[PDB]
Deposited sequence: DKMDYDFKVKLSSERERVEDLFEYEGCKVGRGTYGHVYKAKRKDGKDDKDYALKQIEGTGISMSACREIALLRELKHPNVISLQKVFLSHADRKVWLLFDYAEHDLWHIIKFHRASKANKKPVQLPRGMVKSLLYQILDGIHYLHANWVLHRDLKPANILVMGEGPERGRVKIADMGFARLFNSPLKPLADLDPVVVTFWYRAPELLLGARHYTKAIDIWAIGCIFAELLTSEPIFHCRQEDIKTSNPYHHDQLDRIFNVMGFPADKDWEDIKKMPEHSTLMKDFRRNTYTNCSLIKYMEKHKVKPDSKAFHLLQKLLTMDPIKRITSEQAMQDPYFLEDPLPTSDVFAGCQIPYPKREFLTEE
């Protein structure tokens, strides 16, 4: 490497520690890495930023694909990559985003702990569908959609706007087979589907929609290689009923179909249905909300509605209309993120 080239680039390089104040401002730690609430050290703007130090060192497949896709994707309901910082000394990648104070996990827990304007749930669903549709139209699957990854902006110019994050960018061979919850996983994944699909994302949106309506995860069961998970399937059938041959003709082509037949009998679930489940949680089965929910939570993935068709549902033409700010100008009751001080 040319020395003059090297020193020039070193002189010019923007360094995350020189540009941003984030010391002691960690808001999350996980498989993704470390997320900090950050502020610019020069007072050019007063905005809050999110800074993510990606897990590991160098450029991993996850990092490479996260950077590759976010560099291209532009939509109001998909989180926007503002900057990438590459730290040569320690081989760390830092991504800069606009800071999202809220997300659906914490919003749902806040409501669950109590035991919401008129169109908040509807507005959230519409924006989730809008963001996922944009990904799908660009042949990008999310592959890990859940309440924790659906951010919502707090006070500021994007008040109450959904931002889809944490897109699960790297899965070898587009394959699901290569403390974990399976509550948002489509039944075809549980029966051994070899590839992620658009329909798999749509099922997860259905789960999220049911959860927004009731404040409870619809396919809740115990936490925790083999894609077949008995108790998770049992829970799905206790809610949905057991699919007839006519409901899911290609269920026989699933690799774990014979295991399903060994473990489960149809008659066990004879009085179970989404109608009965949602009736118990005070959701009217003759509501447009319900009829859309049922279309999203279709067991056979080829019979599941697309994001486009979901956005066109007359649910969204019924009073109240979805709003750009899901809080609808009302005061936000949800608390701000706390900083993590654990070692």
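Residues of the deposited sequence with no modelled C-alpha atom fall in the ranges 1-2, 118-124, 188-195, 242-245.
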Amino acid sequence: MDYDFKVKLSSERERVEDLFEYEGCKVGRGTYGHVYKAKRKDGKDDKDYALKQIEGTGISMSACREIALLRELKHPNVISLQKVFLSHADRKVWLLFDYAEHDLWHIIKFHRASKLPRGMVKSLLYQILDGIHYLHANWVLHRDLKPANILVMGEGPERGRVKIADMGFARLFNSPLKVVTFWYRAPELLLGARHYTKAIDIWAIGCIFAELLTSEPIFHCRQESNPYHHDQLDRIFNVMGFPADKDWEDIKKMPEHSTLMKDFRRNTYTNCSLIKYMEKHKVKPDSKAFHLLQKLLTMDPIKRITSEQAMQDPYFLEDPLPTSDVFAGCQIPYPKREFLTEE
From here on, numbers count along this sequence of modelled residues.
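Rigid core here is just the name for the largest C-alpha set that superposes within 1.5 Å across the two forms.
Superposing the other copies on the rigid core and comparing 277-285 to 56-64, farther C-alpha placement in 8 other deposited structures of this protein marks 56-64. Comparing 300-308 with 38-46 by root mean square Cα distance to the shown form in 8 other deposited structures of this protein, with the rigid core used for the fit, gives 38-46 as the more displaced stretch. Judged by the one-third criterion across other entries of this protein, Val179, though modelled here, is missing from at least a third of those that model both its neighbours.
In the record comparison, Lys115 is unmodelled in at least a third of the other entries of this protein that model the residues flanking it. 283-291 and 41-49 differ in mean CA B-factor, and the higher of the two is recorded for 41-49. Comparing 56-64 with 306-314, the higher mean C-alpha B-factor in the PDB entry belongs to 56-64. Across the options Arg235, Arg222, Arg161, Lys198, the residue with the most elevated CA B-factor in the record is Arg222. Of the residues listed, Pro187, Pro227, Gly206, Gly241, the entry assigns the biggest Cα temperature factor to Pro227. The deposited CA B-factor of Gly28 belongs to the middle third of values across its chain. In the deposited entry, the Cα temperature factor of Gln127 sits in the bottom third of values across the chain's modelled residues. Residue-level temperature factors show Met167 in the highest third of its chain, judged at the C-alpha atom. Among the modelled residues of its chain, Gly192 has a C-alpha B-factor that falls in the middle third, as given in the PDB entry. Ranked against the other modelled residues of its chain, the C-alpha B-factor of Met261 as given in the entry falls in the middle third.
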